[PDB]
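Visitor: Quick one: structure below, then a few questions.
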Amino acid sequence: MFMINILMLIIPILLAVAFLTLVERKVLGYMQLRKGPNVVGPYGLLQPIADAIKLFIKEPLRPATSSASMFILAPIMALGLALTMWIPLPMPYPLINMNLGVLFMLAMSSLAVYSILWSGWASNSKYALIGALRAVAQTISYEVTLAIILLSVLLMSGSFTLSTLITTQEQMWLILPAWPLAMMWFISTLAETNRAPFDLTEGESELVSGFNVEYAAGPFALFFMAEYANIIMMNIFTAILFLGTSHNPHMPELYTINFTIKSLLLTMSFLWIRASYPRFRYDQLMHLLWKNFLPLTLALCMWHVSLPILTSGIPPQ
Amino acid sequence: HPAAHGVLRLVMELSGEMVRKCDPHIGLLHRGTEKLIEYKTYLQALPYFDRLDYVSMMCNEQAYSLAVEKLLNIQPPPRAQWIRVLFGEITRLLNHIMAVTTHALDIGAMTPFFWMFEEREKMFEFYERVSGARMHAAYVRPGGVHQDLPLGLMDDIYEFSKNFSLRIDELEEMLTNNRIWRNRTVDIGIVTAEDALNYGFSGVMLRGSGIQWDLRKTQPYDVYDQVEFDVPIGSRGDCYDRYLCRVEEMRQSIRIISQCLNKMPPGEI
Amino acid sequence: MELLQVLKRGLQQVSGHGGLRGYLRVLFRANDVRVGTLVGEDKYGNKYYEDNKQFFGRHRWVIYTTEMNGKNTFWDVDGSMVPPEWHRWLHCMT
Amino acid sequence: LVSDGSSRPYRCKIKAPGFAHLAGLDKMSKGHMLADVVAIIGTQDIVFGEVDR
Amino acid sequence: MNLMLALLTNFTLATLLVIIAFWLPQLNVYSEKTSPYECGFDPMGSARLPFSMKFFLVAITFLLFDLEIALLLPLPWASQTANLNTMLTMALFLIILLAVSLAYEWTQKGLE
Amino acid sequence: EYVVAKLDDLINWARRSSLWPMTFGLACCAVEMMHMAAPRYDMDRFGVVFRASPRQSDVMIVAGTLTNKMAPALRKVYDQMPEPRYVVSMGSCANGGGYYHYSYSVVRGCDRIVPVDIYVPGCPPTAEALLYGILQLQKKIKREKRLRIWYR
Amino acid sequence: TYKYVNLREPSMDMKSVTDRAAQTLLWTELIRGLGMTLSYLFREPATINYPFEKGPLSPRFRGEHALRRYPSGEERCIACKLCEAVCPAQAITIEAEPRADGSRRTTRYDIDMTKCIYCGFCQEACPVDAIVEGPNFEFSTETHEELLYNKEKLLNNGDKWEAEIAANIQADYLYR
Ligand SMILES: CCCCCCCCCCCCCCCCCC(=O)OC[C@H](COP(=O)(O)OCCN)OC(=O)CCCCCCCCCCCCCCCCC
Ligand SMILES: CCCCCCCCCCCCCCCCCC(=O)OC[C@H](COP(=O)(O)OCCN)OC(=O)CCCCCCCCCCCCCCCCC
Ligand code: SF4
Ligand code: SF4
Ligand code: SF4
C-alpha cells in the first residue's frame, strides 16, 4: 500500500491550493473593509468548486502564430516539479528518507525557470518575448542570495539530512542565533517565487505584461494552480528549518497539529505584504541584490565558519 | 489596459532600455465638442462643460457662469458667492483624492485606493441632497445657484469635515516616510527651467517647482478675498515635491471650508 | 476570556431564532443571518425588518418570500418586486 | 467666448491643461527608464475629454 | 524500488490533465475563427529580437559566482576532520577570492 | 431526459458563478463604475471578481463613448474573447450616444459594432442600477445546451 | 503667502545618524509603518447587501420618467411645447391635434431613454406641473427597440405609482 500513500498526498493538497484562492481574497478583503464572497457559499466555502468547472468548459484556443511542441510541454514541467518537490519533506515522517535532500530542494527549485524561458519563447512576440527574458534574469540572481545563506545554517546543523534539522532544534527555535540570515531568507523566497512587491513576473508587471498573457483557461488553469503550489511549499520549508517544532515518537499525532498551524501563519504574510507595498521598478529590484543583499551574506558566511571552531562547539556527524 | 483605462496610444522608440523618444496620439475621444455649442443657447449648452472634465463638477460651470456674467454686467448676489466657495473648495477634496490614489495604483499599492473611496462615498451623498443627482449636477447657472439647499447640510458637513484630518493622516504614514515609494519617486522627471514656463504650464508642475504664483490671491473671483490660507510651494523640482502640494493643499482646503461655514449671509440666491 | 463573555449573547442569537430549521433557511441565500430588532407590517408575508438604529445604510433590510406574480420558489429575486410605497422608505428618502 | 449678440453664441474655445502638461512630457522623459514613464504621467493628473481643448 | 514510481505517477497524472483540458475540447464543433487575430496588442511587430548588452552580462556574472559555491559546498563535511588550522584558513580564502571579484567588477556594473 | 437536462443545472450554474469583466473605461461612466469596486456597493465577492486580461475574460462591459478612432480597436478586442462571451453596455452613450449623437465623430450607438445583451440607461447609472443590470444578466442564464443535442 | 515643504537638511551629527542607521538596516520603519496601519482590519466592514438592503437617496433624485394626472383623471399635460424646446439633447417628440371635446392634448409623445441626458430641464420648464423625473432607477431592458418610450407607456409608468411621486413633490416645491 505504498501506491495508496502517494495518491493520499497529491489529492488532499489540490484542495489546499483551491481553498487558498478563496482565503486569498477574504483576508485581502477585510483589509479594505469589505466582506468575503457573500452570496454563493453560503460563507464563500463552495466558491472554488464552481470557479474550477468554468475554466474547463471555456474554449482553449491555441495562438495561430505559435509553435507546437514547446507550448504544450511547459505546463507538463510546471506541475511536475511543483508536486515532485513535496516528496522528501518530513511531517514528522517523510515519504522518502533521502540521505541528502536539502540539496535536492535546490535540485528542484532550479529547473522551474526553464519553463518560463520556454513559454515566453514558445508562443509569441514582445509582450512575452523580451518581457519574459527579464523574468528569467531576476530568478537566477536570487539563488546566490539563497544558496549561501541556506549553507550558512548547515554549518550549525551538522549534515545534509532533514531528520537532524529537527533534532538540533529541540530547545532553541533557531531563528534566534541567526536572525540576520532569517531576514534575507524571507525576501529571497518573496522574490524568487514571483510575488507581490518584486513583481515583474505575473500581472503587476508593467501591469499588462506576463507569462499568463496568452494562455486561455484550458492550459492557464494549471499555471496558476501549479504556481500556488510553490508558495505553500517554501512556507512548509521555512518552518522545518528555522521555526522547528518538537517531535515525540510515542505521540506523532500532536506533531502535525502543532505544525500545520505554523506554515499557515507564514503563508498569511505573502497575502499580508501585497496589501501594503508598491513595486520595485526593475533596476532597483536587482540594484539591491549585488550592491546591498550580497556582501552581508558573505560576511555572515565567514562568521558562521569561525564561530563553531572558536567556541569548540562542532556539530556532530 | 488601465493606463487611463483604455485611451492614450503612444509610440516609444526606446533607446535600448531608456526611451529617449516618445510621441503620443490623442483624438480617441474627440466627440465634436466646439462645433456643437454653436447650435445651442447659453443655458441649454451648459451641461457640456460639466462633462468636459470628469471629476471636477462644480469647478467647471464656475468658469462658464463667471465668463457670462462678465458679458452681461451682472454680479451674483452675496449668498450666491458663499455657496460657490463651499462647493468650489469641496471639489478640491475630490480631484486630489483621485490624483494621489490612481497614481499609487499604477505604481501598485492596493489599499489607499480602497481606503479613500470607501470614505469618498460620504461626499457624493452631498451632491444628491442639494442638486438632485449623483455626479453631473446642472446646478450653477449664469445668475448664481439654481435653488436653495435643504434644511440640514450644516450638521452634516460639520460632522464630516471635523473628521477628515485623520483620514489624511493615514496617507502620511502610507506614503511619505515610506521608503519604497520614496525610492519610486525622487529626482524623477525634473523639468524645472524656464523651459518649464516657456511651455506655458499652469499650476502644480509649476509652484511645486519654484515659481510661487496662483490666480486665487493675485486675481479675485468672488467674495473669495475674505478668506485666509497659504499656498504650498516645493523646494526641488521633481515628482515627490509636486506630490507634496496635493497632500498639503487638502489640509488647506479644510481651512477654507471651516472659514466658510461661519460667514454665509442669509438672503436670496 | 472573551470566548464566553460575548458568545453568551450570540448563543441566544444564533440558536434560539427559529430552532434548527429557521436558522439555515436564511443562511442559504446570503450571509444575512442577523435577526433584526423591530418588524414592518406590510405587506404579504414579507416583514421588512427595521434594525435597532445601530447601523446606517444596512439598517433597513427587507426579505422576499415566494412567487409575487409568476416567479420561481425562492431562487429568483431581482429586487424590483417591492411595492411602490417602500420606495419612500427603503431608500431612506423619508 | 465670442458672443455675436443673439441667443446662440459664436465660437467657444476652451483652454484646459493636457496641452501644456503633456506636450512637456517629451522633454521630461528622456534619459530615464521605461518604468519611469508610468511614474511620470500620474503627477500631471491627466483626465481625458479635457484634452478636447 | 519506489523512486522511480514515486515520480512516474506524478508525471503521468500531470500529462493526463493537460490533454484532457487542452486537446479534448480542441475537437469541439464551434465556428473557430482561425484568422491571424490571435496575437494581442502587438499586431504585426515586423522586427527581429534585438541584442541588449546590459542583459547579457547578467548571465555570465552569475555563472562565475555559481562555480565556487560548489567548492564552498563541502564545508559542513569539512568539520569532523584532522588538522583544522588548514581547514579554517583555506575556507576563508575562497570567500575573499569571491569577494575581490565583486569589487573589481563593482567599479563598473551598468544599468543592470 | 432527466439525466441530460440535469447536467445543465451545473454548467449553466458554473458559467454564472464567476464572471470576469473586461471594462472599457473611456469617459465619465468609468468613475461611477469604480465606486462599485469601492467597498460600499462592493462588486467583487458578490460572485464577480473585477478586471482581468483580454484573453481570460467572459463578459465585457462597454462604457464611455465610442468615436471613430476606437471603433476598430473595439472589434479586434471582441474577437479574442472566448465562445461563451457576453456584452453589456452601460452608460447612455453606448445606447445611441447620449448627446454627441449628432456630431460627426461618434459611432452612433455601439450596437452597430458588436451584439450587446443588456442595455443599462442613465448618464452615469448610479452603480445601484448596475448591480440590478448584472442581476438581470444572471437571470438571462436559464438557457440549456441539453435539449439541443438531445432533441435534434 | 508661502509654505516650504521638504526644505530641511539632515542634522548630520554623531547621535542622529545611528537614529537613521537603525532605520535602513534594522527596519524601524516599514513594520511600525505598515505592519500595524493595515491591521487595523478589526473594524466592521460597510457593505450594502444589495438584493435586500438598499442605499440612501434624496427626495430630489432623477430617474425614470412619468406623466401625472389630476384628481379624477385629466392627463395633466396640455401640449404647450416647452419640455421639448429645452431638452438639450432633443429627445422629446410631441405632435398635438385639437381633440374632439375642444381642449387640446397630445397624440404622440416620445422620449428616448438613450438620448436622455438626465437634466431636469423638462421637470422645471413645465407650467402645468406634469412631466416629472420619477424616483426609480429600475431599468436594464435587453433590446434597443424597447427603450424608446411612447405616450401610453409613460402613463402606465406614471400610474404604477403616484403615492411615491406626490410624497416627493410636496416636500420639495417650497424651494422652487
Ligand atoms: C513528459 C513526460 C516524459 C518524461 C517523464 C520522465 C520525467 C522524469 C523527471 C524526474 C527528474 C527527477 C530526477 C531527480 C534525480 C535525483 C534523485 C535522487 O537523488 O534521489 C536521492 C537518492 C540519493 O541516494 P541516497 O539519498 O543516498 O539513498 C539513501 C540510501 N541510504 O537517490 C535514490 O534514492 C535512488 C537513486 C536511484 C533511483 C533511480 C534513478 C533516479 C532517476 C530516474 C529517472 C532518470 C531521470 C530522467 C531524466 C530527468 C529529466 C528531467
Ligand atoms: C559585532 C557583533 C556582530 C554584529 C552583528 C550585527 C547584526 C546586524 C544585522 C544586519 C543585517 C541584516 C539586515 C539586512 C539588511 C537590510 C537589507 C538592506 O540593506 O536594504 C537596503 C535598502 C536600500 O535602500 P536604502 O539604502 O535605504 O536607500 C533608499 C533611501 N532613500 O533599503 C531598504 O530598507 C529595503 C527594505 C527591504 C526591501 C524589501 C521590502 C519589501 C517588504 C519586505 C518586508 C519583510 C518583513 C520581514 C520579513 C519576515 C521576517 C520574519
Ligand atoms: S454622457 Fe453619460 S456615459 Fe457619456 S461621458 Fe457623460 S456621463 Fe459618461
Ligand atoms: S408637460 Fe408641460 S411642457 Fe410637457 S407637453 Fe405637457 S404642458 Fe407641454
Ligand atoms: S432629462 Fe433633460 S434631456 Fe432628458 S428628456 Fe428631460 S429635459 Fe430632455
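Residue numbering for chain B follows Swiss-Prot, covering 88-356 in order.
Heads up, the Cβ atoms here are built off N, Cα and C, so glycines get one too.
Pulled these features from Swiss-Prot for this protein:
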| type | residues | note |
| --- | --- | --- |
| MOD_RES | B:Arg118 | symmetric dimethylarginine |
| BINDING | B:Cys326, B:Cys332, B:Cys347 | [4Fe-4S] cluster binding site |
Visitor: At the Cα level, what's the spacing in Å between B:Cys326 ([4Fe-4S] cluster binding site) and B:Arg118 (symmetric dimethylarginine), rounded?
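Guide: On Cα coordinates alone, these residues lie 32 Å apart.
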Visitor: Relative to the Cβ position of B:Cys326 ([4Fe-4S] cluster binding site), how many further Cβ atoms are located within 10 Å?
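Guide: Taking all protein chains shown, B:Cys326 ([4Fe-4S] cluster binding site) has 25 Cβ neighbours within 10 Å.
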Visitor: Using a 10 Å radius around each Cβ and counting other Cβ atoms from all shown chains, which of the binding-site residues B:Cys332, B:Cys347 yields the largest count?
Guide: B:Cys332
Visitor: In whole Å, how far is B:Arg118 (symmetric dimethylarginine) from B:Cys332 ([4Fe-4S] cluster binding site) when you measure between their Cα atoms?
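Guide: Cα-Cα distance, B:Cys332 ([4Fe-4S] cluster binding site) to B:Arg118 (symmetric dimethylarginine): 33 Å.
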Visitor: Applying an 8 Å Cβ threshold (strictly under) against chain F, tell me which of the recorded positions B:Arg118, B:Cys326, B:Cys332 fall inside, in sequence order.
Guide: B:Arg118
Visitor: Any idea what the Cα distance is from the residue listed as 'symmetric dimethylarginine' over to B:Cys347 ([4Fe-4S] cluster binding site), rounded to a whole Å?
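Guide: For the residue listed as 'symmetric dimethylarginine' versus B:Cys347 ([4Fe-4S] cluster binding site), the Cα atoms are 38 Å apart.
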Visitor: With a CB cutoff of 8 A to chain D, go through the recorded positions B:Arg118, B:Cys326, B:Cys332, B:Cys347 and name the hits, or write none.
Guide: B:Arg118, B:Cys326
